Amino acid sequence: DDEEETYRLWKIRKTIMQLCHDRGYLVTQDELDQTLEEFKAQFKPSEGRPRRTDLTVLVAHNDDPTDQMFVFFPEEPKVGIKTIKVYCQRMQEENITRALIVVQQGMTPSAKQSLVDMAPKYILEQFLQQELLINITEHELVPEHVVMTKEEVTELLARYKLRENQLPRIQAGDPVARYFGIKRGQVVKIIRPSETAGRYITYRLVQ
Amino acid sequence: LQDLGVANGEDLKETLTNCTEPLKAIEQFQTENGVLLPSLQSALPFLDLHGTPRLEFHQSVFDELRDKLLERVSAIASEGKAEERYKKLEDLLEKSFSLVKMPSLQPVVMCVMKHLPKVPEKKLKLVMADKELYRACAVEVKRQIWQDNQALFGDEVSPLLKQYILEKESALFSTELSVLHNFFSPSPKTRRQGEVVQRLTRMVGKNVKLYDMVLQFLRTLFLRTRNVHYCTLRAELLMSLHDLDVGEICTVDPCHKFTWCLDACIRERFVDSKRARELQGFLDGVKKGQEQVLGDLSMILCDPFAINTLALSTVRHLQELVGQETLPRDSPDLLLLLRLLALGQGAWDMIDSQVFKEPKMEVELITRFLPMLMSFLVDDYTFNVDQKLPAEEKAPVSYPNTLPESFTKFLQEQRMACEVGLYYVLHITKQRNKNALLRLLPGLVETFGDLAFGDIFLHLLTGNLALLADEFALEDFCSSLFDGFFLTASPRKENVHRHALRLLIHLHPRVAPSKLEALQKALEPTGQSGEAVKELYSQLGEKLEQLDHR
Amino acid sequence: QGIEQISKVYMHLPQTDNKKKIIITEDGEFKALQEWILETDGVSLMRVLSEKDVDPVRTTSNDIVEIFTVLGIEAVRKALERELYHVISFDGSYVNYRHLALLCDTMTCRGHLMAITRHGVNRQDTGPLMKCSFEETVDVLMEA
Amino acid sequence: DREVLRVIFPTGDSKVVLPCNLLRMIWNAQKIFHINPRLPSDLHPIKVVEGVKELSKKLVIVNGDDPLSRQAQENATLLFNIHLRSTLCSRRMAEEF
Amino acid sequence: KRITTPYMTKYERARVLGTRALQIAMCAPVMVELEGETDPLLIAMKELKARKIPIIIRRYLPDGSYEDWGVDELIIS
Amino acid sequence: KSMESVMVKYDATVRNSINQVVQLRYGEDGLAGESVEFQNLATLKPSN
């Protein structure tokens, strides 16, 4: 449907801007506040401005101006290896290691395997179109998540005389873990309200 | 007052003295010098009927309506036209400049000036000449003065720089020996929260002219004092400005994009290949006729933490390349590291005379020195694998502890080979292999420019000696450190004497009192040294006293 | 039309303050508002949360594995605590919160839903003799 | 503290569970020392502020001085410290108790 | 450089009293003056109030280290 | 049997037999369940 598709793509782009801002990347304030009317004005919602190639954004990190990320929206319902290599050549052209791929409904199992293959040289993450229609971190159940830096983790373990094996765990396929793009070995500081202490800060090791 | 035809205490004096009529005079004064409004002229006798002084009324309404002055200038700051704003501000400025001499009306003038980016020159001059005014004025006037007055900008930076060098000297010589904390511990941001850089950014605002004046100050300071710390402060100021998002300075400084890596590269204390490629691109972007920035870049590379970053990157590069069977020449990344380090080390040579050409490298560094480091390391791992392999008979052969002396020749004839060998020594101290340590400890005694005896390596070695805290149990090892290496430059260089003395401060309990007293007598100040060494000697005597009771 | 697996949706206003919409007025007072809430009979949470004019903040489910696959382990911890509190305090019986917190932390300590049944607990890493004392002695002993 | 509690308790439920029953201890103090509430009291308000501060220091769940342990300590006793400051505020001490 | 609580725990009190009562029952020397006391438990509790029990509690932290507390050092709650 | 060995260790943390941290403080506050009791927060409900 041509009518609701810009609304869908607008909310997806809103979620992605909120995500990249939460990942530390430099997102202009209006991008996080773009209205649907502003989104339509920015560029027919289908066959005049659906272009999933055109919606692809490039953002830069605030801790490093050369650490950048691509968000790619493929225009096919199932993405194949040739599209993966197209985005790989794009990354090689701009020399951007990290990338994000949206997925309309599904992804080819071979393309999963290729994504796993090129992981060390190129960190590409896939995301279903359905998942990004809401920013899950806004949900009341989801507490505040923060990605700790390495020196912070060492100070934590030194303070509590802990080994990382002894911390609580969190799967790397967790929706919040995927949201923040954390990998195995990262530590997430979870801040949540508590009815007996006021606040409670716990930690979770990624697995 | 009389600038605007207002009667003051002088008028009151001439109307009071030589007047046989005080009563009608004071009465007509109090009537014709009251408040101008008809409701008050009814209420003032009633107001005053209760014994209530008019003082309280006058003071209260004066404070309230002066607060309204401050509020209205704050509101007109960004209201409507700038022309209307600055016209009314100039009018009120000329009105209250008559009353700037007063203590209660000077804040009105200062608030008006604070909302003015540029001002008539006579008011700026009188603010400067009268020290009460300038000490009572905020920096908004002072930026404008400094934009045409380099003298006082120098006068203001000078004490901040003095305390910065005092703090740098204290931190480089702070008596605490630990692998954890040292002078190179703090992050770039932690060193950038200093009052000096924040005050200097405020004092520059967003004016390029004051930045260029700060630049020339930093050039003069680093050159004439031969002290790299000002260079670091320059970089800090630049990166501080990037935190303020002053595109007026980010988009004009070409070394700002260089500072992108250099901050990201010092906070890791390691140059990855991506940021190496960034620095390569920045160097390749330097065109002809604008090569002065290379000098600035060398100054930007003359930062001690940048030197630490580059040296540790080179040392770890050579440490990891042995497993790849790759020679130092066979590492274009390492060639780029050596290029940048050479461009950085000659920075004072680029400020002393304006040298915009790249310094040249050594071939034997590539083929003899660094392959000799890698010689020692691969023999090290060979005897390690042999120890981990069983069936070693009685009287095993020790690690070859002979020293090739061309290595030491390059240490004592090449500052780059010197400093990278120093950071290699610090790294193996972190690895704490006694065999290679005492193998290379000879020859470090004679080294280039006393860099082995400079503040940097001595502070880092003393920090790393915490890992070797118990290794002082051997008198042979203690003599190798003290009688072998440390005490050669102790009596002739103040920093070496101080560093050996603080080493004794930390390591007094982990040595027999005979050797402790021996090193104490060997570390007597020469009769002309600074207060530091004699205070450390008093602490040494106190510690030696306290050891006999435990 | 509609979303599959959702065979019946009841619409109602809450008569309990915990489900009412508590807002803070301009004077700082708590005001409870009657708002339409829809209680379903199936579960498909991602679709409903994506749906237009559905509050994607407070919309929740009583199915735990849905919360796990959709939101995450910490949202699972909270929702499990809330469900345990609901089933315990339905009959007006109070249990100290720290016991519920300890149970929900134990279940969600390993970053995944560790069921109290033999599958989840014996799957989780413990000593052989402890898993033996739990249940399934011989096969645990054979694997050990 | 009020804003923090509004964040923590969006439902506005004042009923909470805490170690020390402050109102009952205040009542016990009133009866032990025969505090006549009809007369002006000799308790300085600044003594109330200083005393509650030092007491808040004296109640330690997590001991340590680094930022991590201090933050954990302040988080562990956040709610009880809010309740203590609200209950032993100098206004209520001078008026009610 | 101790981090454990300065208060004797309930379990510490229980084990200390049981152990010391067993010692006193085994003709151990008594570290407090007793009058008309025959049951070892009453004598042990008298020593505990007197803080004269000669026992050191070794509390094991969950990292393989420990802290040794003289019973007189702990606060008898 | 799920929560057999979970215990308050001497560093005030709640850990299982595997020495893995379950809670950094018991009940998120470190307080036992006997001495606590019901009270009211006076500053929550009242208007500005």
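The figures follow:
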item	result
Under-5 Å amide H pairs with residue A:203, H placed in peptide plane, nonlocal only	A:190
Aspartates and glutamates whose Cα lies under 12 Å from that of residue B:168, excluding same-chain neighbours fewer than 8 positions away	B:455
Whole-Å distance, taken between Cα centres, linking segment B:425-447 and segment E:4-47	60 Å
Debye equation applied to the C-alpha atoms of chain D, log10 I(q)/I(0) at 0.14, 0.18, 0.25 Å⁻¹	-0.65, -0.99, -1.39
Kirkwood Rh in Å, taken over segment B:424-526 so that all alpha-carbon pairs contribute	13.6 Å
Residue-count net charge about residue C:140 - beta-carbon cut-off 15 Å; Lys, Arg +1, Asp, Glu -1	-1
Between helix B:256-266 and chain B: long-axis angle, C-alpha atoms, 0 to 90°, nearest 10	50 degrees
Value of Rg to Rh for segment B:167-234 (Rh from inverse mean 1/r over Cα pairs, i.e. Kirkwood)	1.04
Rg/Rg_ref, segment A:165-206, where Rg_ref = 2.2 N^0.38 Å and atoms are Cα	1.26
Derived scalar couplings ³J(HN,Hα) [segment D:89-97; Karplus, 6.51 cos²θ - 1.76 cosθ + 1.60; whole Hz; x for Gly, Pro]	5, 5, 4, 5, 4, 6, 9, 7, 7
Pairs of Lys in segment A:1-134 closer than 25 Å at Cα, counting only those 8 or more apart or on different chains	14
Isotropically averaged projected area of chain E, using the convex hull of Cα atoms (one quarter of hull area), nm²	5.5 nm²
Spatial separation of Cα centroids for segment A:168-192 and segment C:70-84, in angstrom	15 Å
Contact order relative to length of chain D, as percent, for alpha carbon pairs under 8 angstrom and 6 or more apart	36 percent
Shape category assigned to segment B:288-412 from the gyration tensor of Cα positions, a/c cut at 1.5	prolate
Whether segment B:497-538 is rounded, prolate or oblate, judged on the alpha carbon gyration tensor where a/c under 1.5 counts as rounded	prolate
Rg followed by Dmax, in Å, when chain C is reduced to its Cα trace	19.9, 68
Integer Hz, Karplus 6.51/-1.76/1.60 couplings in order for segment A:158-165, x for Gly and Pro	5, 5, 9, 6, 9, 9, 4, 4
Kirkwood-based Rg to Rh ratio, segment A:1-134, C-alpha trace	0.95
For residue E:66, residues with placed amide H under 5 Å, excluding near neighbours	E:61
Residue order, fewest to most surrounding Cβ atoms within 10 angstrom, among B:369, B:477, B:485	B:477, B:485, B:369
Tilt relative to chain B, helix B:531-547 - C-alpha long axis, 0 to 90 degrees, to 10	60 degrees
Helix B:273-284 axis, angle to chain B major axis (alpha carbon atoms, nearest 10°)	70 degrees
Residue order, fewest to most surrounding Cβ atoms within 10 angstrom, among C:119, B:317, D:83	C:119, B:317, D:83
For the protein assembly as shown, convex hull of alpha carbons as volume per residue, Å³	353 Å³
Amide H contacts under 5 Å for residue A:99, placed H, 5+ residues apart	A:70, A:123, A:124, A:125
Alpha-carbon gyration tensor eigenvalues x 5, square-rooted, for chain B, Å	67, 30, 19
Integer Hz, Karplus 6.51/-1.76/1.60 couplings in order for segment B:367-372, x for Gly and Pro	10, 10, 5, 5, x, 6
Anisotropy class of segment B:151-300 from Cα gyration tensor, a/c 1.5 cut	oblate
Estimated FRET transfer efficiency when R0 is 56 angstrom, pair residue D:63-residue C:53 (beta carbons, to 0.05)	0.65
Principal axis dimensions, largest first and in whole angstrom, of segment A:135-207 by Cα	33, 31, 18
Exposure proxy ranking, count of Cβ atoms within 10 Å, fewest first, for A:183, A:14, F:1	A:183, F:1, A:14
Alpha-carbon centroids, segment A:1-58 and segment B:83-117: separation in whole Å	49 Å
Stokes-Einstein diffusion coefficient of segment B:20-91, Kirkwood radius over Cα pairs, 20 °C, 1.002 mPa s, in µm²/s	139 µm²/s
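As a convention, Cβ positions derive from the backbone with ideal geometry for all residues, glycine included, and neighbour counts pool all protein chains shown. No value in this document is a laboratory result; all are computed from the given coordinates.
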